[PDB]
Amino acid sequence: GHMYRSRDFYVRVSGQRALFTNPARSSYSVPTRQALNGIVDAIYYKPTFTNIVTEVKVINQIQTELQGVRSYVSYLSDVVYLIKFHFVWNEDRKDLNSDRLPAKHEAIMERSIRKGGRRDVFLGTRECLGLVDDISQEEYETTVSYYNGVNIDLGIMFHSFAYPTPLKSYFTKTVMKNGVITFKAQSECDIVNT
């Protein structure tokens, strides 16, 4: 049958520091799909649905900062990311069929975005507080990235885990085009480890 999916939602997430790592410390230069999945689920999470992050726009110049601990951690600095995402019903939770109420969950998602998320938002790690704000589709599409006009292949990046502790990790060639990273689905990734 055709599967339900929500409208697109759009959010601006910003922070002074970010640390996106490869679970398997220096940051990747841009967020992993996994870290973005984390941020959208901190905005609003129910076992009834699954948030699907489809696209991110890297708005700011990529800059890093070093922190020595006594022994180095390299962070991104002064980050702004616009995330496009939607949700679908969670087919791993068939028992929650009576809660599959699209108007209910779409309304709550909009309210949750507007008030900066129902939970604390972190940029890849707990010491890196993020700020979530509401943007519209229009703002998403028209905001100019620092990287507009060029593409960069960031090489192979951690994408996400698969669970029944993880059963699989997924990695894939990640290319930022005009600042835009359009995600592949897990099963379309270049590399799967069991």
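Refer to the structure above for everything that follows.
To start, this report covers the structure provided alongside it.

Here the focus is the nonpolar core. Core analysis: the largest hydrophobic core is formed by 43 residues, its most contacted members being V11, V13, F20, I83, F85, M109 and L123. Mapped by element, the contributors of at least two residues to this core are β1 (9-18), α1 (33-43), β2 (49-58), β4 (72-89), α2 (102-114), β6 (151-162) and β7 (168-177). For this core, the leading source of residues is β4, giving 9 residues. Setting aside chain neighbours within four positions, we find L123 in contact with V13, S14, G15, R17, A18, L19, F20, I39, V79, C128, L129 and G130. Residues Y10, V80, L82 and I135 belong to the second largest nonpolar core, which totals 6 residues.

Overall, the coordinates contain 13 aromatic pairs when judged by the stated rule. Aromatic side chains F161 and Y163 sit 6.1 Å apart centroid to centroid with 55° between the ring planes, which places their arrangement in the tilted category. Here the aromatic cluster, defined as three or more aromatic residues joined through ring pairs, consists of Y4, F9, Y44, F49, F85, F87 and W89. Of note, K57 hangs over the ring of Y140, and the distance from its end group to the ring centre comes to 5.2 Å.

Further remarks concern the environment of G117. The residue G117 is located in the loop between α2 and β5 (131-134) in this model. Along the primary structure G117 and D133 are separated by 16 residues, whereas in three dimensions their C-alpha atoms are 8.5 Å apart. Not counting the four nearest positions on each side in its chain, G117 is found in contact with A42, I43 and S112.

Relative to the helices and strands, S160 resides in strand β6. Among the polar contacts made by the side chain of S160, one reaches the side chain of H159 at a distance of 2.6 Å. Engagement of the side chain of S160 in a polar contact is seen with the side chain of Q186, the distance being 3.0 Å. Every residue in contact with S160, bar those within four places of it in the chain, is listed here: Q34, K168, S169, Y170 and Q186.

Rules and cut-offs
Residues numbered from 1 in each chain as written, not as in the entry; some residues may be left out. Heavy atoms only, no water. Core = buried A, V, L, I, M, F, W, Y, C linked by side-chain atoms within 4.5 Å. Buried < 20%, exposed > 50% of the residue type's maximum accessible area, 1.4 Å probe, protein only. Helix = DSSP H or I, 4+ residues; strand = E, 2+ residues; numbered from the N terminus. Contact = heavy atoms within 4.5 Å. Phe/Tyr/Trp six-rings, centres within 6.5 Å; stacked < 30°, edge-to-face > 60°. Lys NZ or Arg CZ within 6 Å of the ring centre and 35° of its normal. Polar contact = N/O pair within 3.5 Å; in protein donor to acceptor, adjacent residues only side chain to side chain.

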